[PDB]
Amino acid sequence: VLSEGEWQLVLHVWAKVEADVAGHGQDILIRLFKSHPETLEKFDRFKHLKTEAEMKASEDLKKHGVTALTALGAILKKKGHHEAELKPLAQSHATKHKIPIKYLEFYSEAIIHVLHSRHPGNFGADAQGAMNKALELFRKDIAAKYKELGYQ
Ligand code: HEM
């Protein structure tokens, strides 16, 4: 359980991301894809992208980034009581898209790296710790649903 102060830190910085959801989304997906090339293969839509310049030039990649960050935003703003938002996403990711939990760990790392690049002054160590806790709780809850559905 995050404290109310921890949730404040998380949502304070999230409100900043929301100034440019598209840019954040591109930066996060590109970081994910470059740091963890196996992740790019899960996306039929994007596996044609072979360079960072091509990734940055993809309007469709930017669209998916906005989709994913907008869903994450909705979950964060539920502060832990996120079960209705999280449940559909766990299902689709386990059953349809077939994303390992470990990939969700890589995605969290990419989020944190970006947030630190774009918001140093609203993302010091306390806010980093808080965000990490939030993203861990997300992954914990996703994992529990994965276990229920038999996804490994
Ligand atoms: C913060 C973590 C994540 C969020 C919030 C998120 C959110 C979303 C949302 C909202 C969609 C569209 C609705 C759906 O199908 O459920 C989606 C689709 C998708 N997600 Fe994620 N996702 C996350 C992590 C990942 C990761 C780590 C991968 C792959 C490594 C992944 C692969 C996909 C794919 C393949 C689709 C289908 C997109 C398409 O081909 O049209 N997701 N995700």
Side-chain angles (χ1 to χ4, degrees), residues 1-2 6-7 9-11 13-14 16-18 20-119 123 125 127-152:
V1 166
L2 277 77
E6 284 166 344
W7 285 121
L9 291 166
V10 171
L11 294 171
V13 78
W14 202 258
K16 302 316 185 152
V17 169
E18 297 201 325
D20 182 16
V21 177
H24 279 86
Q26 301 180 291
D27 288 350
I28 294 162
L29 287 160
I30 288 173
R31 176 63 146 87
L32 179 64
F33 290 160
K34 285 160 58 88
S35 294
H36 308 277
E38 67 274 38
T39 64
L40 171 60
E41 295 308 300
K42 285 291 169 167
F43 288 91
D44 284 353
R45 275 163 83 185
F46 306 133
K47 52 183 176 188
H48 78 271
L49 301 167
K50 297 298 194 273
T51 69
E52 184 170 350
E54 287 166 6
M55 295 172 190
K56 283 178 191 328
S58 176
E59 199 59 19
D60 199 47
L61 183 42
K62 184 171 160 221
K63 263 177 50 164
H64 172 72
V66 165
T67 294
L69 289 192
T70 294
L72 181 55
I75 290 174
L76 292 171
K77 284 164 189 187
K78 293 297 195 183
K79 296 165 66 189
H81 286 91
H82 52 218
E83 37 287 290
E85 296 68 24
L86 189 145
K87 163 188 189 97
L89 185 81
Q91 186 260 54
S92 67
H93 284 65
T95 286
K96 188 169 183 53
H97 314 312
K98 291 175 72 198
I99 309 307
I101 293 295
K102 187 79 178 169
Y103 291 17
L104 296 183
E105 192 184 3
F106 305 153
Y107 207 99
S108 302
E109 170 248 286
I111 291 163
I112 288 155
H113 179 69
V114 173
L115 283 198
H116 169 89
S117 308
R118 298 185 60 142
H119 313 276
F123 203 66
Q128 180 181 7
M131 185 59 76
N132 189 62
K133 288 182 70 162
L135 293 178
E136 287 218 58
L137 171 67
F138 163 80
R139 288 211 284 297
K140 164 177 151 274
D141 287 352
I142 293 291
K145 292 300 210 148
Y146 272 29
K147 194 187 173 171
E148 160 187 359
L149 294 171
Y151 281 79
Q152 322 190 307

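When reading the values below, keep in mind they use all heavy atoms of this one structure, side chains included, and skip hydrogens, waters and symmetry mates. Residue numbers count from 1 along this sequence.
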Closest heavy-atom pair and its distance - [X], [Y]:
X: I142; Y: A90; value: CD1-CB, 3.7 Å
X: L76; Y: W7; value: O-CZ3, 3.8 Å
X: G80; Y: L137; value: CA-CD2, 3.9 Å
X: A134; Y: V10; value: CB-CG2, 4.2 Å
X: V21; Y: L69; value: O-CD1, 3.6 Å
X: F106; Y: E38; value: CE1-OE2, 3.4 Å

Any side-chain heavy atom of [X] sitting closer than 4.5 Å to one from [Y]?
X: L32; Y: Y103; result: no
X: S58; Y: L49; result: yes
X: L104; Y: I101; result: yes

Supply the atom-to-atom distance [X] [atom1] to [Y] [atom2], rounded to the nearest 0.5 angstrom.
X: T70; Y: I75; atom1: OG1; atom2: CD1; value: 11.0 Å
X: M131; Y: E6; atom1: CE; atom2: CD; value: 12.0 Å
X: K133; Y: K140; atom1: NZ; atom2: NZ; value: 11.5 Å
X: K42; Y: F33; atom1: NZ; atom2: CZ; value: 12.5 Å
X: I30; Y: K56; atom1: CD1; atom2: NZ; value: 3.5 Å
X: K50; Y: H48; atom1: NZ; atom2: NE2; value: 8.0 Å

Can you list the residues that meet the side-chain hydrogen bond (donor to acceptor under 3.5 Å, both in side chains) rule with [X], with sequence neighbours excluded?
X: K34; answer: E52
X: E109; answer: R31, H36
X: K47; answer: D44
X: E83; answer: none

Problem - Within 6.0 angstrom of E41 CD, more than 12 heavy atoms from elsewhere - result: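 Atom CD in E41 is crowded, with more than 12 foreign heavy atoms closer than 6.0 Å.
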
Problem - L40/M55 under side-chain contact (heavy atoms from CB on, under 4.5 Å): CA gap, chis, key distance, verdict - result: CA-CA 11 Å; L40 171 60; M55 295 172 190; 4.2 Å; yes

Exercise for the section: If a pair satisfies ring-ring contact (aromatic ring centres under 6.0 Å, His included) and one of its residues is in residues 60-93, list it, with sequence neighbours excluded. Expected result: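 Applying ring-ring contact (aromatic ring centres under 6.0 Å, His included) to every pair that reaches into residues 60-93, excluding sequence neighbours, yields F43-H64, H93-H97.
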
Completion exercise
Residue pairs meeting ring-ring contact (aromatic ring centres under 6.0 Å, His included), one or both in residues 132-152, sequence neighbours left out, come to none

Practice task
List in chain and number order the residues that pass side-chain contact (heavy atoms from CB on, under 4.5 Å) with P88, two or more places apart in sequence or in another chain; answer none if no residue qualifies.
Solution key: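 Partners of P88 under the side-chain contact (heavy atoms from CB on, under 4.5 Å) test: none.
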
Handout entry: Side-chain donor-acceptor contact under 3.5 Å, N132 with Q128
Key =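 No - no donor-acceptor pair under 3.5 Å links their side chains.
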
Problem - Qualifying salt bridge (charged side-chain N to carboxylate O under 4.0 Å, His left out) pairs, either residue in residues 87-102, two or more places apart - result: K102-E105

Exercise for the section: Name all pairs fulfilling the salt bridge (charged side-chain N to carboxylate O under 4.0 Å, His left out) condition that reach into residues 57-69, sequence neighbours left out, sorted by first residue then second. Expected result: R45-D60, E59-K62

Counterpart residues, salt bridge (charged side-chain N to carboxylate O under 4.0 Å, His left out), relative to [X] (two or more places apart):
X: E85; value: none
X: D141; value: none
X: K77; value: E18

Practice task
Tell me, with the steps shown, if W14 and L72 meet side-chain contact (heavy atoms from CB on, under 4.5 Å).
Solution key: CA-CA 10 Å; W14 202 258; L72 181 55; 3.8 Å; yes

Practice task
For the pair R118 (side chain) and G23 (backbone), establish whether a donor and an acceptor sit closer than 3.5 Å, ignoring hydrogens and angles.
Solution key: yes

Handout entry: Main-chain N/O of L89 paired with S92 side-chain donor or acceptor, under 3.5 Å
Key =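 Yes: the side chain of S92 pairs with the backbone of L89.
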
Practice task
Check the pair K16, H24 against side-chain contact (heavy atoms from CB on, under 4.5 Å), reporting the backbone distance first and the verdict last.
Solution key: CA-CA 10 Å; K16 302 316 185 152; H24 279 86; over 6 Å; no

